[PDB]
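Quick one: this structure, given as structure tokens, is what I'll be asking you about.
Per-chain residue numbering starts at 1, and chain names A, B, C, D, E and F are given in the order in which the chains are listed.
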Amino acid sequence: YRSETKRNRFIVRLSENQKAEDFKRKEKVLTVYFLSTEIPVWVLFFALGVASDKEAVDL
Amino acid sequence: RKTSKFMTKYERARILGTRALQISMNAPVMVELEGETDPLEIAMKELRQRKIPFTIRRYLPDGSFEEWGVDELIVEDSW
Amino acid sequence: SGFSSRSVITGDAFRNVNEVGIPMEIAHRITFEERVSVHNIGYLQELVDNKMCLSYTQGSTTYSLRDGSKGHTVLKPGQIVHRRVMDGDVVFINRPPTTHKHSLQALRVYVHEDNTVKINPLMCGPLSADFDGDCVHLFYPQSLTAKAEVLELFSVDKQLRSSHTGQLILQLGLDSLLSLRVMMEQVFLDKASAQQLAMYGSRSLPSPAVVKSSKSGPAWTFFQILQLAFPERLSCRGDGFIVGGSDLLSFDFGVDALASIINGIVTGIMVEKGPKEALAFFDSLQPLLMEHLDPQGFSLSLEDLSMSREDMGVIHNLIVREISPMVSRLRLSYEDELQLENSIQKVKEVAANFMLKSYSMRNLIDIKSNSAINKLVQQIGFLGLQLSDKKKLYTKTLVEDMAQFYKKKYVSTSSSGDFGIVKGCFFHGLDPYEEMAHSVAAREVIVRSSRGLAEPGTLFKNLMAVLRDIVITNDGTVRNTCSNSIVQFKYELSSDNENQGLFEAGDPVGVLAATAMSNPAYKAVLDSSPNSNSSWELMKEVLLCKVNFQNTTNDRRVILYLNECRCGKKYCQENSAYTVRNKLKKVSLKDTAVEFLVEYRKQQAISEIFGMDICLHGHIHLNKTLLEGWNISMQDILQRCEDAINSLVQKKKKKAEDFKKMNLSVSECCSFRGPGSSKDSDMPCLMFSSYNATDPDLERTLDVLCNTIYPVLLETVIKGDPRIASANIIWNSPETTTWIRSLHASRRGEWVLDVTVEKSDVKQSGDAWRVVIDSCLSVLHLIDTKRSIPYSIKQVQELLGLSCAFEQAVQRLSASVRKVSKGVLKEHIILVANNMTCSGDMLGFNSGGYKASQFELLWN
Amino acid sequence: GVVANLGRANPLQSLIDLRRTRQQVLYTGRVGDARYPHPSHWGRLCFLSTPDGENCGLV
Amino acid sequence: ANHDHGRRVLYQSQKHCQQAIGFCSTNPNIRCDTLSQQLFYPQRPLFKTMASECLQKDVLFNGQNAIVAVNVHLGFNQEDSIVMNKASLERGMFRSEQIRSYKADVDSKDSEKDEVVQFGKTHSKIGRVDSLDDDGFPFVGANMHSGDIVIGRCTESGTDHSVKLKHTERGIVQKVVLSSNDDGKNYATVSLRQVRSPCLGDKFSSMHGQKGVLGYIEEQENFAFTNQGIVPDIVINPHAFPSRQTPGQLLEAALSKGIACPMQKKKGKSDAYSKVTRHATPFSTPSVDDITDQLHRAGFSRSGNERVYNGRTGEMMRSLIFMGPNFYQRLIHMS
Amino acid sequence: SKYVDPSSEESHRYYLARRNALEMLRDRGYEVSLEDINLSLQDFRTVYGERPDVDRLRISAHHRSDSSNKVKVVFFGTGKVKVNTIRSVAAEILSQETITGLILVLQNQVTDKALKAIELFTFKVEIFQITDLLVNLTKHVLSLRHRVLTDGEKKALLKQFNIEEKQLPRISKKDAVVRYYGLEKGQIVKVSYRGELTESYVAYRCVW
């Protein structure tokens, strides 16, 4: 999600596993958000007030 | 002996230079002419009928050399 | 030496070959010095009393011109005279070095107005120019030694044979050869045209061939017209020409070989009477032709470019007969692009066959050449294949959405034909889609022939750093000058008998070989045609080799020949072709799988182990048809999995899989697939267990340890050698159109195995072929050694020795440099190869390979 | 690669000089199709005329 | 334009159209720039295209309608070289006219905001001052030579800082312009004028990327002439067409030759000038049958050719010659 | 063509290696019979073990040039070589009147025990790998019949063109023909080529 103005804007990256020893499953990390500060996706779900799971799967 | 009884192009290109330079530097003519006033044209004729007094010294790569008179070598042009 | 020139060049046919026209704008500003002698003063005082002279600077250094009315002042013999540029002088012509093609010529000066340079049209070859605005530099020999060596070395008759090919540097050009063709098709001349043409050359005129008939008067043939350019008393024997006593006795029919039979006669004249009679032949022949074309004319028409309509219907019935059903196979087949081009040129030849049935088109184009016979089908026939994915500069995405963009009234109206095929021609016009496709093709050719091109530029310096200091010494030993070591004992073959016309001692033959090898590089790069781009890297494989083993993919291929006939078993050859592939072609486990299911249930009672160490049971289901297709059993899978998982925990790896189960491959487990797949248990093999964590405490943290051995189960091999990357059975056509072989003359159809090893090739060179031979042990009887070399020519030097690689480098450079320039003296090839193979093994001509006269003096 | 001089030799050189658009040079490692007519040029840009040389197909 | 090879159209539409000599401006008294150029008699083409008709700018075409015959000359039109006609050159055809401007400057009047190089004469005869006036500049009818003084920018006592001509600039003075800036920075502008006819080294081109150099200027009575007495203005070599793949030039010549000719059998049954094609629009072009049937209606031969007689021997040349008008162009950087 | 394909595969790797080494000593001009090199592989594997054969009397190829030039080999079927193996197989076998031995390495040999292999006085040794010897490079179509020159013809070559030893077109001492015939620095070889370009060309090389 680019924005020419407002130079604090973010991307969601799914093809990084943080390690490659045997193999890990591809999990989504909402990577760098304020030119630093990676977060996983679900903390930023429940920070924005998702009630439970199975609605985030339906979102 | 052993050293290529013809003449190189590179040796013609120096002997005609020195010959015509000395002829343009007050040397006597040695052939009969027909009014030619170009020193290369002059220097061509005594080569054409074997009348030049030079000694060509062919070096060798090992260290020795040769001795040859320009009358000896065949600048023939026959075909 | 005059240091500069800025002038366009132009042409002039009626002025001699080694003559050049100077503008008076610059001819009156260039000086030739000259020494006042005892001889020259009767000429110099004529030059100095009037104008056409300059400052009379002697040792007193008087810079007074010929302008202040000083008069004669008859000079001292000994002074030096600056004058202007008269006729008959010598100049030295060149351009800025776009290439070091031998543009060095010596020419005679004529001074005129009209500020261009006028050369003969025969100097468009040697000076490498056309007449659309080229700029040349001129240089002046000022010293007398300069004039001496320039006139002696660099004149046209001195350089009449090419020092890079061995042929004549002067051949009949554009209009002259047309004049000869139309003079051949009109064999008889009248009296008046004959006597008019007789004014030009020499030899007055022979008696008429036909001296009378019933109707006309006398009649001449045109061979008698050709006699007029000859020198006196010529006697030479030829393939079609017979010359006895300055007459042309017989001349062969062949109009197709006409630029050779003329080229035979000039070579015979140069053999018999020298070069200064060959130039007289040219200077008497060229205006004799250009005046013969003057009262006839020659032109084009619109009916020449118009192919007939029923023949147009013939050629349009071949795009959708053998080209649309072939592009129906191009849907899945990739690498038949040379089969593609074979069918295309089969169409292009019969297309070009029709438009030579006109009088004007036979005579403006060279019929034989492939270069300009398809260009004319691109403007009377059709263009052809404008798009492919193998024109490797635009990516595959452009091809896929240009294929998609065929929705632009091509799917809305049609599906016939295909994208990338143009059924139309330049003469009848291109509707906008195929115009866009032609634009991407022409754009790609511009980008390819525009970019880069400094690789021959750096290759010239990388050939000049090492091949510079090599001459022919006074005894004939070709030696490095700075080391005095024999690189080659004797030059050109059979030139030790005393017959001259050949190389001499002093010739810098390495600098000859550098330029004579650098010119085909530019002729291959600046033309982006496919035969000129396929052969550009065949020089780079040989000349740009690196001695330090980089372990590239050219360093891994091995070709395998298999010739054990039996004579008459009828497809024993092709059965031999594929079983040796079957022993070596690699198949794995990760390819034939479909899914992977771990499950605590369904084997609770099958878990009979007294302490219950067994809970999880990971199925790995296969697909039946591929396991039943290539004749792969199920118990050998158990064999190859169990011994591998044993022999890799015996390796110092871990203690994570010591208690592996690897039960059995059953081909029918159960009515499984709770999560929806709905199949009926078709090869659900390898139903293992992982009880390493005995009494498994946590279910989820033990399931991840059943997902650290699923990869090492996937990555195993089943049937084939683990070291083989691929193996391919190809090329049922051994003729001379394909790559370099060791033998093939006998058969015409032999199958081969292109075999590639993966990266287990250690830093030792020559190990890929070592592994392939150490692989085929069970099948050595039907593979054919004494042949089957490795591919890269450094590895052949590693295997068979240096002197085999010498002949292979010779043949590869030969077959490479033929395909772009069509003729090159073999002695430069042999000299380059011996300079590679002198100090031990093959040292290349690059930055890595780099990391490892004086003959006389005059007396009197 | 922005504001230039205005040609005046023709009155057509000024028209050509006032109607031009330019792709920058980002990095020469696989620019891709950045100098080849893409089927989205249909009717908007020109698929026959372009400069040749240092910026063939970028202007 | 969809008949030519794409490389030729790239040539024509990027370089040769941008260089051709033609219109310049309609107020040349104010444009003080280096090397303004202009023809005498600019023209429009005989044909029509769609965009040139909707735009209605005849300044999109900079050249003249030459008559081109493809034939072998004596060997002067080889290697992409062209041959003109001297009689056509003497009636004004392709005659151009260039104007170059020479510029200098000095400080305000007296301020720093000696090194005062005030524009003057400096009568002590430094160089050549035959044409300069007292102000430091020449007059408005002068005939400035190969190397003169063009602006007298000399100080009061020291040596000259004056601008001088180099080796290759000369010409009649057209105007003198003297302006300034806010801080008095006085500016000087002198424009010279020249008239050039095309010489034996100049370059020309067609509408199809087919360029050459004028290599041979021929007198009128030696060209091949038709039975009407028509002579070509430019003669080119037939070895240029089967390789470079431009049939659009031959089709253009046939179209324009079918436009400009009269139309016989005009008495009754028609006004006889209404079924005439003038539109060579690029992607929608007339067919071969339209052009050849128009040439049949105009009286000429259907194949495009035309019978000529020689200008030297005077008898019938055996090969029929292809003639017809074509819009050619004259390019800058003459030599 | 037809194909059978059973093999005790390890014995094939010694059949080909032994037959190549006996062909090499045959072309070095030693006393070796016809039938010992021209046996088949079937009657090879019968008499010499079908699968197993190590330290066998097959290795006892040991012959004379004409009178007293003695060359024998020692095959190593191992997967690791140290100093103890080679000393235990050489310190007993040099008392069988030999002057040159050969080494047939199978796994690898390291430079960590190289000086103890070139310490051997008056007894030069040559090495190989088993995996190189599975073919005949001399029987290949693209191999060239070398002809070694004598010392007198070497001096006549150096004196003919008045040329020093170190000026010749060289050849490395690791070439597949140099190591094959057992050649030495200084010795001059002569090659006659054949090809469409290089047919009548000849070339001289000495070893450096």
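Things to note:
Please note the rule applied: a contact is a pair of C-beta atoms (placed from the backbone, for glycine too) under 8 Å apart; a residue touches a chain by one contact, two chains touch by 3 or more.
Here is each chain with its UniProt name: F = RNA polymerase subunit H/Rpb5 C-terminal domain-containing protein.
Counting only chains that touch, the fewest steps needed to get from chain B to chain E is 2.
With D-E and C-F as the two chain pairs, more C-beta contacts join C-F. Of all chains, the one whose Cα centroid sits at the greatest distance from that of chain F is E. In terms of their C-alpha centroids, the spacing between chain E and chain F amounts to 83 Å. Centroids built from CA atoms put chain D at 65 Å from chain B.
Centre-to-centre separation between chain B and chain C, using Cα means, comes to 45 Å.
With centres set at the average Cα position, the gap from chain A to chain D is 40 Å.
In chain C, the residues that touch at least two other chains are 435, 439, 443, 446, 475, 477, 484.
Among the residues of chain B, none is found touching two or more other chains. None of the residues of chain A touches two or more other chains. Chain contact summary for the complex, chain E toward chain C: residues 2-7, 10, 69-72, 74-76, 78-81, 199-201, 203, 211-213, 215, 224, 237-239, 241-243, 245, 247, 250-251, 254, 283, 285, 288, 291-292, 302-305, 308, 310, 312-313, 315, 317-322, 335.
Considering their complex, residues 6-8, 10-14, 114-116, 121, 124, 129-133, 173-175, 178, 286, 290-291, 293-303, 305-306, 360-361, 364-365, 372, 375-376, 378-379, 426-432, 435, 438-439, 441-443, 446 of chain C touch chain E.
Residue ranges on chain C touching chain D, taken from their complex, read 394-395, 397-398, 401-402, 404-405, 408, 435-436, 439-440, 443-444, 446-447, 450.
Chain C meets chain B in the complex at residues 35, 37-40, 42-43, 77-78, 144-145, 147-149, 151-153, 158, 271-274, 473-477, 479, 484, 498, 500, 504-506, 853-860.
For chain B in complex with chain C, the residues that touch the partner chain are 2-6, 8-18, 20-21, 23-26, 29, 37, 39-40, 42, 53-61, 66, 77, 79.
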